[PDB]
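Remarks on the structure that follows.
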Amino acid sequence: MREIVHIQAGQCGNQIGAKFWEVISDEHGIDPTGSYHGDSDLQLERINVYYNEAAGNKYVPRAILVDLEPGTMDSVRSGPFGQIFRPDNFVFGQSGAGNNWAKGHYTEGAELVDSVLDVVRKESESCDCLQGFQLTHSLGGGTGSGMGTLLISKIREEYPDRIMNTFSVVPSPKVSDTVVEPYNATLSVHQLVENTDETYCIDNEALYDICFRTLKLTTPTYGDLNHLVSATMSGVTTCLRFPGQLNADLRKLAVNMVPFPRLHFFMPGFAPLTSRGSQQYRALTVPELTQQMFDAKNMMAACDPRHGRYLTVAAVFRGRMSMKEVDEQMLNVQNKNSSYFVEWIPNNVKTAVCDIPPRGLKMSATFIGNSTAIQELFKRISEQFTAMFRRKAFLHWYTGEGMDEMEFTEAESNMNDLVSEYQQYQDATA
Amino acid sequence: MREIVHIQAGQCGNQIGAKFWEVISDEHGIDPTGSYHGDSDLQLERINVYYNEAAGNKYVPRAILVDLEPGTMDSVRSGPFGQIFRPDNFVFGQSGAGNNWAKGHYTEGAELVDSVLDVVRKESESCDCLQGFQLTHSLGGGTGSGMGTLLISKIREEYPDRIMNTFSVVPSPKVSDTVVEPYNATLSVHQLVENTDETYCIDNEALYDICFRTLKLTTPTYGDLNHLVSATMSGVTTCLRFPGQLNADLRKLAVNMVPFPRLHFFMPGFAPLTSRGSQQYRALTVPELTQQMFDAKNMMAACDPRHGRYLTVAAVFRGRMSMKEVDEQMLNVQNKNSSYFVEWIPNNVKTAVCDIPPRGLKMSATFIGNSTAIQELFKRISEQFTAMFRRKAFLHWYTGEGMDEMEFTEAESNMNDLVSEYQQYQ
Amino acid sequence: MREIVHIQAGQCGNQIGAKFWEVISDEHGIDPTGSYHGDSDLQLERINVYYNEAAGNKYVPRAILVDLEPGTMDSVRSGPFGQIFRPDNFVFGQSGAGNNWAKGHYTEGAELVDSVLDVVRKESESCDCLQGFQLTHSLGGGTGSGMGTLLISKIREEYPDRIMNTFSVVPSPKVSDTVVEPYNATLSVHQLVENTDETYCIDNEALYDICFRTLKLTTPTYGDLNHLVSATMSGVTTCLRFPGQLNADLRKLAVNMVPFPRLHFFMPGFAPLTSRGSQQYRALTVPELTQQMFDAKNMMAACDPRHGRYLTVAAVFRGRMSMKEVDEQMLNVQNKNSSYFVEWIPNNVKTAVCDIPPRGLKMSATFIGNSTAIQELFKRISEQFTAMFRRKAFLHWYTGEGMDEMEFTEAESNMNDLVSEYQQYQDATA
Amino acid sequence: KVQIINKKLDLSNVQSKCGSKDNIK
Amino acid sequence: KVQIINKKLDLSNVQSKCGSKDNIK
Ligand SMILES: Nc1nc2c(ncn2[C@@H]2O[C@H](COP(=O)(O)OP(=O)(O)O)[C@@H](O)[C@H]2O)c(=O)[nH]1
Ligand SMILES: Nc1nc2c(ncn2[C@@H]2O[C@H](COP(=O)(O)OP(=O)(O)O)[C@@H](O)[C@H]2O)c(=O)[nH]1
Ligand SMILES: Nc1nc2c(ncn2[C@@H]2O[C@H](COP(=O)(O)OP(=O)(O)O)[C@@H](O)[C@H]2O)c(=O)[nH]1
């Protein structure tokens, strides 16, 4: 059947994907030994979409781990779920990227990409029907950014008809964690906009806001943010694994959600989100999930969507629900807030319903929005990048890896053109 | 994975590195015999970063000791942890430097640097993945300054793609320890600015001020100042040895912290610092660490950073913390004091979090700041050097060995150009 | 029935064959006493192909040990399985070869070959149906090279209609172990190309690469390399001993694999190969064995086969399998990589399936490839040999044994002609 | 330096196909 | 000093053997 090759790259890649595989193994009843010990047939009905079965009731997650320094991989291998992963797919270098995109893309990635692609081909030839590739990585991180751009280019050349999905951690609007993050982000998007099919933008700052505000958490960790991101990832591909009243694979989402080839970035969201104490005072209904999804404070992206308009909206629900209820809620949303949707797209909302709810919830819903408001992210990145580039800030660190001024110039020009395209598609024109 | 070769030159460097290796051996549970007797797997997980494993459950610190006079090395061998170093790496001469940089760089260094480099090559060939070289030395000491400049040039020529990190003791603004400190400091900088990747400027004056005002120490010794410097050194590379929520190795530090290749001198800091009695009166939080770090009185370099602007800030934290807490503190710092950072660099602070705190603390943080205010230090050095050089003060001692007036003139020109560059970017 | 006379010569001969007889005695349930203590009738159904039965339930391996110094033979006799071998067949000299092919071929071999051939005739007359001769030896070793060339010539004259198979250890591309190895190898092949039927090229360096890379071994020994070579040897002649769905004797392999009389060298391979830890994460299927066999890193020869093309491919499988599965995998291999096969040979792959798997495995497969890429080995040997011969490097050590310059000249000319023939058969011509 | 891909779309003059008036005479 | 043994092979003119047209007249 359809199979997904999950590629992990960078620190975000490794950590987020470790939490992701924890969640996925929990959903399918796979204990840390790889042996199936679940309680339902649907867990094994579509176990092959993310797992390879080695005879002996052991299942191996079809994942590839990529990094340039073995520290994060050692931490992953020694932690929980270390022995389920077949050790063939721990492909790492020795130098590290040093947060330099130029380094990770032209020297260290250039040295390691042959082994990584051989592993990719090994995992792809063993598949029954390769559906798409999922990449978890950060943009500010040099390893993540560079290795991901290189791998995406090479794999797009290798399989031009497969789905290339990426979950990227984007720069924060206030608190940056890397000095050279703007250049890495610019040079990364300069290739992501060309080779990827769709990219989900995750900001750590929005996750912190959700954690302190909604969940009432006082000591949130990167692991809990990874838990939220992993819940989103599991909600995205719930139709590839369990039946439902209305299913939607990855290609259906790509078709319904990308109106024009370059405007493929999406803002993910999740519902329901409650603190532990407040769980006893709020009922779980479809209107509740709908109101939590279409809320500015519940957007995991670093932008208030009320500043622009939406082009496409995807809402995948989980758990037993009424389709009439969901459709009426979507009608109410589109009617009451019609000014937030582009006039040239009638029927802005795409829906899907899976019959299997997440662990511990009666019902949930995953939000995916394509809003012109995301132009704020790209405009801020362009402004910061231009201000830094005028003074040649840290430019020698990248020119020493083989880059010239023309590559930065072309990246910045393409970024300005992308921002201008998003601004162009805010005109009603009718 | 990555490894570090620790080089230890001069009397100052030897003492600082002895204290540093004491601290490192304590962090990894290694007794003075070399046999591992720790209590956690993480102590052995990355013990290779600083130690070679000599079969027999014993580990040898990958350290190289350099000097032109054998007294300091005799004291090191006879003192505690003196047997922890394999005696192969005690490379010393007999003449001594006499605080003459010309001597230690052109004659005695020229005689001893071949053996020094042979030991360096032997230690480097044993490495699986060499990451960077560390040099602990003072700028005033003839041995320190001369051997450091010469050896850094040689190693940079041999390994052009490795990281050259130095922890230098800089001259004090009030009290000089050597009469000819200006010539040595100027001629040392004239090569450090060309061959090194980054240099941490620690002044003993600021260390005295901190240990007196903050730690309330009444009889501080070189051992206590070296303890502070060693805590800073360990916090610098804690990410190369222990896991964490956000790790940053030497290459990311060098990339984030050096905006332009010549502006690579930094002012280190440390937190928390408390007297013994006051420990029971102040809670240890991330806001407290952030408040202590971004304070002029806690800067170990004798230069008020409020007289200039920062190019970039590195803040590596140790211990269990909330990522949102550190992020909010850094955002508040950048927002409330935006007037002290250059307008052409947004997101001035790069951070990292290690999950292993220093022994005895719930959490800590190491400060590394690239402030344009260090032009004060360099301008003071240039002015004093000019005042001495205009009258040929002590010049004959340097000229007799082989130096000419052209070398001093070029060194002064380079120093003034560096000062002018810092002034340009402020 | 069909019988195989195993001749051991040289250090490679003695060690590799000691490990080989260990493996063979394990497969047939023969304990170190020679008494049969197995558990299946098929162990004794074809026990006579490698054993002679002396009444008393004792079986003697039909092996002949040849050397020029008694040290290696003493080590073999005093080690495991020392008492099963009938002591009649320990035929050794006293001087040793000193790695000089000229010595071992014209003086010491000339003195010992009469006794060795008398032993060969004794073992051959006692046979029921002599099928072929198998020789284990090295090329760089003077004893191995010289004694093997002399014995092969004499036995080919004695039995011109029997199968002459040799398993030769070839020089390594980077790390040579003997100063005079190139001359020994040139003078050895100058006779092997004339008298042998087929030669399997084993490089110790490729075995080291496989050991450190695939098996994740940190301290590999010559004995473990001999274990790999012995597994290959046992897989080669599994059809001479156990039944199966499709059997193939040695003459069938010689016919199907040697297109032209001089191009008889083959590159052996083996599958599956896994580290101990990775065994729990990979299933054993026919596609897995097929992908491991047709892999450049799994070739035990010192050459990347992707530089040339294949002429004939032999793939002998062991264990219960589906013939449809194997045939579909072979079709996929030939179709996806058609550019690596000569156009003038349709149906490049020969197959065979034995129903008895190796000890401890569900299924396995032995690879035998006849690729033009092996011209790299012979070209490097010719280049090194020419460079050494221009300066008369170590030439007196061979001229003192009776050799003249004309013999070296003829050997080098024949080597150049063999390289030119391999290059000629890379032309598609159609 | 981009412009939205807006086209002037029109079904200008479309006639019916069923001859509902063919026998009106 | 060798050359591949390539021959010019052709089944030039081969006629049928079954007289399927012998009684066509
Ligand atoms: N959500 C999340 N973000 C992370 C995590 N670890 C690091 N990041 C973000 O990733 C960025 C660091 O880049 P990184 O990938 O670690 O550096 P690289 O080695 O060059 O790839 C920072 O901006 C962090 O905010 C994590 O566990 N979860
Ligand atoms: N931080 C620190 N500085 C020192 C120490 N010992 C000496 N110094 C400084 O080094 C300078 C003396 O130079 P020194 O290295 O002893 O002379 P050298 O033998 O020629 O290298 C003085 O300015 C001291 O302040 C020490 O243990 N720690
Ligand atoms: N695979 C393998 N190769 C060996 C072994 N022993 C020796 N060799 C190889 O054989 C060569 C030595 O030649 P050798 O036969 O010992 O010398 P000889 O006495 O003249 O025949 C070296 O290149 C070794 O790499 C072994 O046990 N296994």
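Cβ atoms here come from the backbone N, Cα and C positions, even for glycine.
According to Swiss-Prot, the features are:
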{"type": "BINDING", "residues": "B:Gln11, B:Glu69, B:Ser138, B:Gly142, B:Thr143, B:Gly144, B:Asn204, B:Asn226", "note": "GTP binding site"}
{"type": "BINDING", "residues": "B:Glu69", "note": "Mg(2+) binding site"}
{"type": "CROSSLNK", "residues": "B:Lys58", "note": "ubiquitin cross-link"}
{"type": "CROSSLNK", "residues": "B:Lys324", "note": "ubiquitin cross-link"}
{"type": "MOD_RES", "residues": "B:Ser40", "note": "phosphoserine"}
{"type": "MOD_RES", "residues": "B:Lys58", "note": "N6-succinyllysine"}
{"type": "MOD_RES", "residues": "B:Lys58", "note": "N6-acetyllysine"}
{"type": "MOD_RES", "residues": "B:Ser172", "note": "phosphoserine"}
{"type": "MOD_RES", "residues": "B:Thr285", "note": "phosphothreonine"}
{"type": "MOD_RES", "residues": "B:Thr290", "note": "phosphothreonine"}
{"type": "MOD_RES", "residues": "B:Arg318", "note": "omega-N-methylarginine"}
{"type": "MOTIF", "residues": "B:1-4", "note": "motif 'MREI motif'"}
Surrounding residues of the motif 'MREI motif' (B:1-4) on its own chain - C-beta under 8 Å, 6+ positions past either end: 46, 48-50, 62, 127-134, 237, 240, 249-250
Largest separation between Cα atoms (Å) of residues that the record links to GTP, namely B:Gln11, B:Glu69, B:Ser138, B:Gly142, B:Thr143, B:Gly144, B:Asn204, B:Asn226: 23
Subset of recorded positions B:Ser138, B:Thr143, B:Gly144, B:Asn204, B:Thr285, B:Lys324 within reach of chain A (CB-CB under 8 A): B:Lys324
Residue among recorded positions B:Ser40, B:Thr290, B:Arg318, B:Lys324 with Cα closest to the Cα of B:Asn226 (GTP binding site): B:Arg318
Among B:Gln11, B:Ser40, B:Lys58, B:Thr143, B:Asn226, the recorded positions whose C-beta sits under 6 Å from ligand 2: B:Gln11, B:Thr143, B:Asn226
Candidates B:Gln11, B:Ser40, B:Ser138, B:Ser172, B:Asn204: member of the recorded positions with the richest Cβ shell (10 Å): B:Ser138
B:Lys324 (ubiquitin cross-link) - helix vs strand vs coil (DSSP): helix
Residue from B:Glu69, B:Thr143, B:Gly144, B:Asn204 whose C-alpha is spatially nearest that of B:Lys324 (ubiquitin cross-link), among the binding-site residues: B:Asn204
Cα separation, B:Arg318 (omega-N-methylarginine) to B:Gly142 (GTP binding site) (Å, whole number): 36
Neighbourhood of B:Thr143 (GTP binding site), C-beta criterion under 8 angstroms, separation at least six: B:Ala9, B:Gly10, B:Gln11, B:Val66, B:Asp67, B:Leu68, B:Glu69, B:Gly96, B:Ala97, B:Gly104
Between B:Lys58 (ubiquitin cross-link) and B:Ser40 (phosphoserine), the C-alpha gap once rounded to whole angstrom: 16
Between B:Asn204 (GTP binding site) and B:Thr285 (phosphothreonine), the C-alpha gap once rounded to whole angstrom: 28
Nearest-integer angstrom distance between the alpha carbons (Cα) of B:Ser138 (GTP binding site) and B:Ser172 (phosphoserine): 12
Pairwise Cα distance for B:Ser172 (phosphoserine)/B:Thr290 (phosphothreonine) [Å, integer]: 27
Cβ neighbours of B:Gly142 (GTP binding site) where a neighbour is any other Cβ within 10 Å: 27
For B:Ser40 (phosphoserine), the one of B:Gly144, B:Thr285, B:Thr290, B:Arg318 that lies nearest, given that the recorded positions are compared by Cα: B:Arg318
